[PDB]
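The structure appears below as structure tokens.
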Ligand SMILES: CC(C)CCCCCCCCCCCC[C@H](C)CCCCCCCC(C)C
Ligand SMILES: CC(C)CCCCCCCCCCCC[C@H](C)CCCCCCCC(C)C
Ligand SMILES: CC(C)CCCCCCCCCCCC[C@H](C)CCCCCCCC(C)C
Ligand SMILES: *C/C=C(C)/C=C/C=C(C)/C=C/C1=C(C)CCCC1(C)C
Ligand SMILES: *C/C=C(C)/C=C/C=C(C)/C=C/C1=C(C)CCCC1(C)C
Ligand SMILES: *C/C=C(C)/C=C/C=C(C)/C=C/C1=C(C)CCCC1(C)C
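Chains as they are written, first to last, in the deposited numbering: chain A, 5 to 156, 162 to 231; chain A', 5 to 156, 162 to 231; chain A'', 5 to 156, 162 to 231. A prime marks a further copy of an entry chain.
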């Protein structure tokens with residue numbers, strides 16, 4: 005299509021789809037109940053992403069939002085994806101360290117607020133207010149990163170993989186509010202095609218890279 | 005109303021409503037925790053359907069989608085219903101065979117993708133792309149039917170009822186992508202009033218017929 | 005803003021936000037798994053409300069609905085809030101009395117129907133039909149209040170707090186259908202600024218007042 009960002013959407017669609025099939029094939033025959041949980045979640049997440057990348061590529065998950073007296077192309081389909089895939093990724097971490105239910109509920113809830121307020125900010129027509137939603141969303145993220153960092162005698166296999174995945178999460182998830190802030194949803198200092206490229210690298214890493222790391226460890230088996 | 009399909013929407017509303025009250029009255033006094041689970045789920049599903057059938061009948065859950073240079077009446081309220089009722093129906097099956105959590109998550113997730121992509125296809129304005137979403141949705145269905153068929162020492166009561174309900178599911182759920190494909194959302198070979206009739210027969214059978222079968226068995230009691 | 009109701013939206017935003025921070029600080033250091041559950045839920049609920057009150061205050065969660073040949077300002081963001089916060093409040097009650105899963109599913113499901121049909125009624129352009137949805141929603145509420153009242162050897166600490174919270178719920182939740190009926194969504198006998206004031210008092214009481222009562226009791230600790 006005309007959209008210069010189409011290539012990264014196409015590339016993203018392809019990588020999420022290939023990752024989904026890879027994880028699909030890999031989890032064939034798994035019988036341990038616990039490992040079954042992890043395979044399901046690490047397969048499901050890129051499958052969801054695949055469908056939302058495809059909707060962006062085909063133009064379905066795109067809308068125009070007026071602000072700054074301009075018509076800004078806003079890919080809303082990303083929030084539909086993240087609404088489901090970021091709590092699932094947090095579930096991966098929680099199952100790992102066998103987090104208490106109370107804590108899981110806190111994380112999932114903070115995470116819904118994070119994506120929900122990001123969506124509202126993405127769709128808000130008063131320019132100044134967009135950043136108010138960005139700030140509240142960011143606070144929710146910080147809450148999450150805090151709990152993953154200061155809320156957690163587990164087998165050394167668990168601890169070792171958790172620490173890695175936890176560091177991956179903090180680094181990758183922290184870049185999203187920055188990309189949004191500088192990209193077309195925020196200050197618009199970075200054009201949409203480079204922003205889409207950034208999100209594509211982050212998403213594949215956060216979903217497929219993260220899943221490859223998770224599924225290579227024995228911490229997932231009972 | 006003018007809509008020739010109104011009669012099947014009215015009939016559907018009436019049957020889902022009557023079924024809901026029947027199951028409501030039937031589950032009065034149930035005290036076994038396990039049977040309590042099944043009654044809740046088989047009552048809830050037609051109650052949801054009732055509300056979405058009523059919204060279609062009153063015109064609320066209907067929208068026009070441009071494609072093929074025409075204005076196509078698309079009942080979106082069906083996906084709102086199915087989004088909640090098809091995972092609940094799969095939960096009925098999973099509780100039955102006491103499925104592992106990992107597997108339940110896989111089914112619910114595949115099922116959300118199934119209905120979500122069906123909705124996107126239903127609302128897509130580029131005619132060709134509608135069938136791409138139909139295909140992805142169909143693949144998700146096939147995944148589900150596979151797991152219900154090849155992923156499952163349970164009491165012979167369980168196995169016997171499961172097998173019946175499993176065969177009911179495969180037969181009825183498999184007809185939906187065909188109806189959509191030939192009906193107004195797809196190729197438009199079948200007019201909307203006959204399509205609405207088809208979906209009404211499928212839905213009542215899949216919800217009320219299925220629930221009557223489930224609740225007649227002793228497999229639901231501990 | 006011009007909207008006379010802005011003050012109650014501002015006040016509501018402020019009270020939900022202050023309550024969220026209060027509960028946030030209060031649950032610091034909690035380590036009992038059970039109490040952890042309650043803190044999460046009573047903190048999450050006002051945090052959600054905060055974001056939806058802010059969206060109403062900034063104008064995002066407001067839409068105009070034609071009916072009675074007028075353009076009626078409808079705050080849809082309330083249903084987005086209630087969709088998540090009313091089942092969470094019911095979860096508080098269920099955890100308390102250690103309700104069976106079957107029953108929890110029934111309550112959450114009835115509750116989704118309650119808010120979902122209230123939303124449909126809120127957005128319905130045929131005046132007469134709005135009250136049909138109000139009636140179905142009200143029936144769902146009555147179902148819920150029934151189960152909380154007639155569906156429940163627990164420690165006397167549990168029973169004592171449950172009874173209080175149960176009476177709070179019945180009184181406060183019962184006022185919502187009345188406010189809606191007499192307010193701008195229904196008969197329009199009460200102007201929108203007084204209606205917003207009513208909902209603000211109900212919401213803070215149902216979320217912050219309710220949470221303060223819940224967290225003062227020892228029934229929440231194992
Ligand atoms: C066999 C294994 C290792 C995995 C196969 C699954 C295939 C799909 C995608 C593989 C790539 C992901 C690796 C994670 C890390 C990265 C930072 C990815 C950034 C993406 C950019 C494009 C790079 C090239 C690729 C096409 C693999
Ligand atoms: C007492 C029992 C058996 C159930 C009572 C609940 C009432 C509601 C609906 C009953 C019908 C459902 C039977 C399932 C099978 C079918 C294939 C249904 C197809 C629907 C078409 C209309 C048929 C007539 C009816 C009004 C029952
Ligand atoms: C320290 C404790 C008690 C709580 C602090 C949290 C602060 C936030 C809100 C506190 C108010 C809620 C009490 C519940 C009961 C009421 C009926 C509230 C009705 C609201 C109307 C405004 C009243 C004044 C207030 C600003 C507290
Ligand atoms: C699968 C993709 C992942 C892991 C996406 C993560 C996304 C975030 C952490 C997004 C965060 C945001 C905020 C903190 C600020 C507002 C905007 C968002 C939604 C981009
Ligand atoms: C309560 C009703 C039930 C059991 C509905 C089942 C619906 C399906 C299995 C729908 C499947 C679809 C696809 C496989 C293809 C695309 C279109 C759908 C959504 C009709
Ligand atoms: C956090 C706020 C709470 C506890 C809100 C409770 C809301 C209700 C009980 C709403 C009920 C409604 C009906 C019974 C009738 C139709 C309209 C509603 C949605 C206001």
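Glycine included, each C-beta is placed from N, C-alpha and C at the ideal position.
Residue 69 (chain A) (DSSP reduced to helix, strand or coil): Position 65 of the first chain, counting from 1, holds the residue named residue 69 (chain A). In this structure, residue 69 (chain A) counts as strand in the three-state DSSP scheme.
Distance cut-off 6 Å: residue 12 (chain A') Cβ against heavy atoms of ligand 5: Locating residue 12 (chain A') in the second chain gives position 8, counting from the first residue. Checking every heavy atom of ligand 5 against the Cβ of residue 12 (chain A'), none is found closer than 6 Å.
Residues of the segment 45-63 of chain A with Cβ closer than 7 Å to any Cβ of chain A', in chain order: 45, 48, 51, 52, 55, 59, 62
CB contact below 7 Å: residue 124 (chain A) versus chain A'': Along the first chain, read from residue 1 onward, the residue named residue 124 (chain A) stands at position 120. Yes, its Cβ sits closer than 7 Å to a Cβ of chain A''.
Residue of A:182, A:229, A:21 minimising C-alpha distance to residue 215 (chain A): On the first chain, residue 215 (chain A) is found 206 positions in, with the first residue counted as 1. The residue with the shortest Cα to Cα distance from residue 215 (chain A) is A:182.
Minimum Cβ-Cβ distance from residue 41 (chain A'') to chain A less than 7 Å: As a working mapping, residue 41 (chain A'') is identified with position 37 in the third chain. Judged by the 7 Å Cβ criterion, residue 41 (chain A'') is in contact with chain A.
Closer than 6 Å: residues whose CB approaches a heavy atom of ligand 3: A'':19, A'':22, A'':23, A'':26, A'':210, A'':213, A'':214, A'':217, A'':218, A'':221
Per-residue burial, residue 82 (chain A'') [other beta carbons within 10 Å of its own, 16 or more giving buried]: Counted from its first residue, the third chain places residue 82 (chain A'') at position 78. Buried: at least 16 other Cβ atoms inside 10 Å.
The segment 105-117 of chain A': positions lying closer than 7 Å to chain A by Cβ: 105, 106, 107, 109, 110, 113, 117
For residue 198 (chain A'), the three-state DSSP class (helix, strand or coil): What you label residue 198 (chain A') is simply residue 189 of the second chain in a count that begins at 1. Residue 198 (chain A') falls in the coil class under three-state DSSP.
Between the CA atoms of residue 176 (chain A'') and residue 25 (chain A') - distance to the nearest angstrom: Looking up residue 25 (chain A') in the second chain gives position 21. Looking up residue 176 (chain A'') in the third chain gives position 167. If I take the Cα positions, the gap works out to 27 Å.
C-alpha gap between residue 228 (chain A'') and residue 186 (chain A'), whole angstroms: Taking the third chain and counting its residues from 1, one reaches residue 228 (chain A'') at position 219. Taking the second chain and counting its residues from 1, one reaches residue 186 (chain A') at position 177. Residue 228 (chain A'') and residue 186 (chain A'): Cα-Cα distance of roughly 51 Å.
Identity of the residue in A'':189, A'':33, A'':223, A'':171 nearest residue 107 (chain A) by Cα: Stepping through the first chain from its first residue, residue 107 (chain A) is reached at position 103. Checking every option, the nearest Cα to that of residue 107 (chain A) belongs to A'':33.
Beta-carbon contacts of residue 191 (chain A') that lie in its chain and below 7 Å, excluding the five residues immediately before and after: Translated into positions along the second chain, residue 191 (chain A') becomes position 182. For residue 191 (chain A'), where only same-chain residues beyond five positions count, the Cβ hits under 7 Å are 198, 199.
Beta-carbon proximity list for residue 117 (chain A), same chain, < 8 Å, skipping 5 on both sides: As a working note, residue 117 (chain A) is residue 113 in the first chain. If we look at residue 117 (chain A) and ignore the five residues flanking it on each side, its Cβ neighbours are 140, 141, 144.
Residue 230 (chain A''), buried or exposed, once every other Cβ within 10 Å from all chains shown has been counted against 16: Counted from its first residue, the third chain places residue 230 (chain A'') at position 221. The residue is exposed, with fewer than 16 neighbouring Cβ atoms inside 10 Å.
Segment contact flag, the segment 92-101 of chain A with the segment 62-71 of chain A, C-beta cutoff 8 Å, min 3 pairs: no
Residue from A'':146, A'':129, A'':38, A'':48 whose Cα sits closest to the Cα of residue 73 (chain A''): Mapped onto the third chain, residue 73 (chain A'') falls at position 69. For residue 73 (chain A''), the nearest C-alpha among the options comes from A'':129.
Heavy atom of ligand 5 within 6 Å of residue 91 (chain A'') beta-carbon: If you number the third chain from 1, residue 91 (chain A'') lands on position 87. No, the Cβ of residue 91 (chain A'') stays beyond 6 Å of every heavy atom of ligand 5.
Residue 140 (chain A): contacting residues in chain A'' (beta-carbon distance under 7 Å): Position 136 of the first chain, counting from 1, holds the residue named residue 140 (chain A). Here the neighbours are 55.
DSSP-derived helix/strand/coil call for residue 8 (chain A): Indexing the first chain from 1 puts residue 8 (chain A) at position 4. If DSSP states are grouped into helix, strand and coil, residue 8 (chain A) belongs with coil.
Of the listed residues A'':212, A'':223, A'':188, A'':222, nearest to residue 21 (chain A'') (C-alpha basis): Here residue 21 (chain A'') refers to the residue found at position 17 of the third chain. Considering only alpha carbons, the answer is A'':212.
Residue 80 (chain A): CB within 6 Å of a non-hydrogen atom of ligand 7: Because ligand 7 does not appear in the structure shown, any question about it cannot be addressed here, the ligands present being ligand 1, ligand 2, ligand 3, ligand 4, ligand 5 and ligand 6.
Under 8 Å from the C-beta of residue 91 (chain A''): neighbouring residues of chain A: Here residue 91 (chain A'') corresponds to residue number 87 of the third chain, with the count starting at 1. Those within 8 Å of residue 91 (chain A'') in chain A number zero; the least Cβ separation is about 12 Å.
Residue 79 (chain A'') (DSSP reduced to helix, strand or coil): On the third chain, residue 79 (chain A'') is found 75 positions in, with the first residue counted as 1. Looking at residue 79 (chain A'') - three-state DSSP - the assignment turns out to be strand.
Within-7 Å CB hit, residue 128 (chain A'') to chain A': Within the third chain, the letter at position 124 stands for residue 128 (chain A''). It does; some Cβ of chain A' falls within 7 Å.
Amino acids of chain A', ordered along the chain, whose beta-carbon sits closer than 9 Å to that of residue 8 (chain A): Position 4 of the first chain holds residue 8 (chain A). What residue 8 (chain A) touches in chain A': nothing, since even the nearest Cβ is about 20 Å away.
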